[PDB]
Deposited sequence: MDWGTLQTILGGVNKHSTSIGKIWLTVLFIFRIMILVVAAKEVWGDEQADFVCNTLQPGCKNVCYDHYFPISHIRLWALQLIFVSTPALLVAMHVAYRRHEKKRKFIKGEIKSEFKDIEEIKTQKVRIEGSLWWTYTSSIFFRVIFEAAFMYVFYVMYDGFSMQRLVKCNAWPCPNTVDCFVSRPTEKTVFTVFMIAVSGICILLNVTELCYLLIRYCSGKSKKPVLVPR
């Protein structure tokens, strides 16, 4: 995809936030989006076109690809970004509700931060359990029907996909830490 105007939306959402919340989470957020669109989205461009299986059985390539990649990484990251951005924007709408006509504003703001840490941890769990670590393999062995006994299939761009996987996981771990420290920073204020 592409974009036409993201500076206006970031400027408005910038206001009414804490020191680190104003900058650090925001710059890390646009950091992840930039990585996703300009670079990574076309590494996974031919994930199925260049999948190769050493067999003559028709339909074996379809099932073996689907058995090992139930959902591709880039569409896992796209889902994650949407989930961890909605609490940011709806609170911008809840205040717009009260504008048309302090505990409430405080209660909402502290609640959103509790959600963001939840979603990121949940999604990082899915990568680990689904893909068995963060390293992708050149060779996969598949024996689902209709494939005969056991078939060798070869992945496209295994090394580059590993690099971006490590990169997206790292900045997600940072965002979790930033949320936790900022959260406990408010708790002492009570």
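Regions left out of the model, expressed as runs of the deposited sequence counted from 1:
Coordinates drop out over 102-128, 218-230.
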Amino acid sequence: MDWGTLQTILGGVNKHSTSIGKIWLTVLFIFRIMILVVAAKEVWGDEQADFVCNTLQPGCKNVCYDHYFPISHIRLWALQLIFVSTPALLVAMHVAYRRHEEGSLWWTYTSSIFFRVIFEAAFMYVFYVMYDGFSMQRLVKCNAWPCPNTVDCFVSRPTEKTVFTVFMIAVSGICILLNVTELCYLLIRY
From here on, numbers count along this sequence of modelled residues.
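What we label the rigid core is the largest C-alpha set whose atoms superpose within 1.5 Å from one form to the other.
Name the stretch that deviates more in 4 other deposited structures of this protein: 78-86, or 91-99? Use RMS CA distance to the shown form, core superposed.
Between 78-86 and 91-99, the one lying farther away in 4 other deposited structures of this protein is 91-99.
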